[PDB]
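Below, in structure tokens: the form solved without this ligand, a single chain.
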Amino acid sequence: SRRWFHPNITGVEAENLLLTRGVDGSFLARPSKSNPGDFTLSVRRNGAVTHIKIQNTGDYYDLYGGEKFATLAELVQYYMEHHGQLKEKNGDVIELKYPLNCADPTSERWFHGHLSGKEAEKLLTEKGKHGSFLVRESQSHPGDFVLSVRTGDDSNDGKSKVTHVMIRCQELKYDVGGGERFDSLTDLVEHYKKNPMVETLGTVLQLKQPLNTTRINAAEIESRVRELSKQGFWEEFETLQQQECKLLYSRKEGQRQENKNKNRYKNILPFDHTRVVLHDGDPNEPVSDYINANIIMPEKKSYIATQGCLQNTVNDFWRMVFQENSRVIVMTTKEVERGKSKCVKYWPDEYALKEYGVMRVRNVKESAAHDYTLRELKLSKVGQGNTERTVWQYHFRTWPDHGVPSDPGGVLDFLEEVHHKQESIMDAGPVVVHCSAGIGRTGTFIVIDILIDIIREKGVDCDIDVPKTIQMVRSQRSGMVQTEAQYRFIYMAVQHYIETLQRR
């Protein structure tokens, strides 16, 4: 759960909450509603409140006087399980002990406040399934709410139905007319999710899934983008973010002492269940199986999402490319940005040959395009001539230092080319995609590519679901797609791709 995040709170409301309803060690996180990608962690300690800034420009959450994290949930998990670690500017330890829980329902998938009764009925009737539900504000009784639920089989023949349950708001708590009174709609829904309501004649009002309203027909993207552009994008994104607490999968291998220095950022780590395991390592190397990389399998083409190489991981990077039979690499950072190293140069200069441990790489030819450079590399294993394969490195060079491109056309041209190269090579393995930490630009590029592939096969007349696709990729590497700016950009790129298919 993720109740310590408060989407709609001011700095002063945050202090007031912590001072009046928290104790020393209580904490909450919140957005800045001006500056997007700015967050604040507010912590009570010694009877006063501290505000700690968290910045995300697209690559990671950067806690001031702390570490870099792939999600806020991973950030909170880390500090709640590691005392003495978060520190004030002038030295002192800041303890995160007691989450201060938020009552606001606006980020719950099931909350559709504005929805009217008939609007709710049609949605559940057309889009919904057995156990699909939503909660809406009452029209007849202001301040109250309505739970609307579809139940039945899986044509319109009476096999299914919608029932409406009134939720009263009484002196600040919520109820369904009897029993327990709840501090929040979330507590109410969670309770009736585990303990379903039974109608008098024995229909069970099972709350199985929130109604899906994000699945759209690709042809109607422009219409969804229009609707979301009225800040709805913030809403839909934060709803996705609320579900990141479901994705706290183990990352034990990356936490091994032997693997610590193989990670660019010590707490941005590959999930165990999807990490790329390297075989045939040096038998004098106690741990030679680890690289900070995960397989991303869409639910024909798969990806490896990885970090920019460190000087001490370049040999492992090439062992991975060879082992997985990858024939295309996508790089989405310059080697250096804002004077800081984002990815060491792991390839030879044009026309040169270098050995990287047991792997040999020749840079055959570099071709410069407007937004990218293409390097044609030849990769082989030392001592084995017949292992040579060409690996095409697509190096995107014009991504802005912070935030996202103001137009998706360069990225889409680039991905179209990457896609065709990959499709031209029989039995090519996964496409390697990396930036700096390998979660923000990397996740943005992979998600766009997945979505555009669907359309590419099926056409404008098919279903896409942007946040569902992102949740699926985020179950395979932590924090894939970092910011609301990237989220918006994914929609703008799909929109742009669709319009260019209508113009042809």
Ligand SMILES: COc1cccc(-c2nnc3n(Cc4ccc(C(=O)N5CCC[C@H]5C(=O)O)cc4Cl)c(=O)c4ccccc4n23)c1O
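Shifts are known only where both forms have a C-alpha. The term rigid core refers to the most C-alpha atoms you can superpose between the two forms while keeping them within 1.5 Å. For every residue, the number given is its place in the sequence shown, counted from 1.
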- Query: In at least a third of the other entries we lined up, does residue 55 end up with no coordinates?
  - Reply: no
- Among the other PDB entries compared that flank it on both sides, is residue 34 unmodelled in a third or more? yes
- Item | Continuity check for residue 154 and residue 155, given as deposited residues lacking coordinates between them | 1 to 3
- Message: Does the chain run continuously from residue 299 to residue 300, or are deposited residues unmodelled in between? Answer none, 1 to 3, 4 to 9, or 10 or more.
- Response: 10 or more
- Query: Is the mean CA B factor in the deposited entry higher across 367-375 or across 402-410?
  - Reply: 402-410
- Check the entry's C-alpha temperature factors for 200-208 and 94-102, then say which stretch has the higher mean. 200-208
- Item | Residue with maximal Cα B-factor (values as given in the PDB entry) among 485, 493, 9, 481 | 9
- Query: So among 275, 421, 82, 354, who wins on Cα B-factor in the entry?
  - Reply: 82
- Taking the chain's C-alpha temperature factors as the reference, tell me which third residue 316 falls into: lowest, middle or highest. lowest
- Query: Looking at the C-alpha B-factor of residue 291, is it in the lowest, middle or highest third of its chain?
  - Reply: lowest
- Binned into thirds over the chain's modelled residues, the C-alpha B-factor of residue 443 lands in the lowest
- Note on the structure: Split the chain's modelled residues into thirds by Cα B-factor; residue 38 lands in the middle
- Would you please rank residue 433 by its C-alpha temperature factor against the other modelled residues of its chain and give the third it falls in: lowest, middle or highest? lowest
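A second form of this protein, the form solved in complex with this ligand, is not displayed here; the remarks below concern that form.
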- Message: If I superpose the C-alphas around the site and drop in this ligand as it sits in the deposited bound form, do 3 or more of its atoms land within 2.4 Å of a backbone or C-beta atom here, i.e. is the pocket blocked or open?
- Response: open
- With the partner removed from view, which of 163-171, 195-203, 307-315, 73-81 is the stretch that lies within 4.5 Å of this ligand in the deposited bound form, judged by heavy atom distances? 73-81
- Query: residue 267: heavy atom within 4.5 Å of this ligand in the deposited bound form?
  - Reply: yes
- Query: Using 4.5 Å between non-hydrogen atoms, is residue 250 touching this ligand in the deposited bound form?
  - Reply: yes
- Just to confirm, residue 260 within 4.5 Å of this ligand in the deposited bound form by heavy atoms? yes
- Can residue 85 be called a contact residue for this ligand in the deposited bound form at 4.5 Å between heavy atoms? yes
- Note on the structure: Note: exactly one of 323, 341, 255, 125 sits with a heavy atom within 4.5 Å of this ligand in the deposited bound form, namely 255
- Option from 51, 468, 458, 33 moving between this form and the one not shown, CA shift at or above 2 Å, rigid core reference: 33
- With a difference of at least 3 Å, the CA distance of residue 34 and residue 406 in the deposited bound form shows the atoms farther
- Superposing on the rigid core, where do three or more consecutive Cα atoms all move 2 Å or more between this form and the one not shown? 33-36
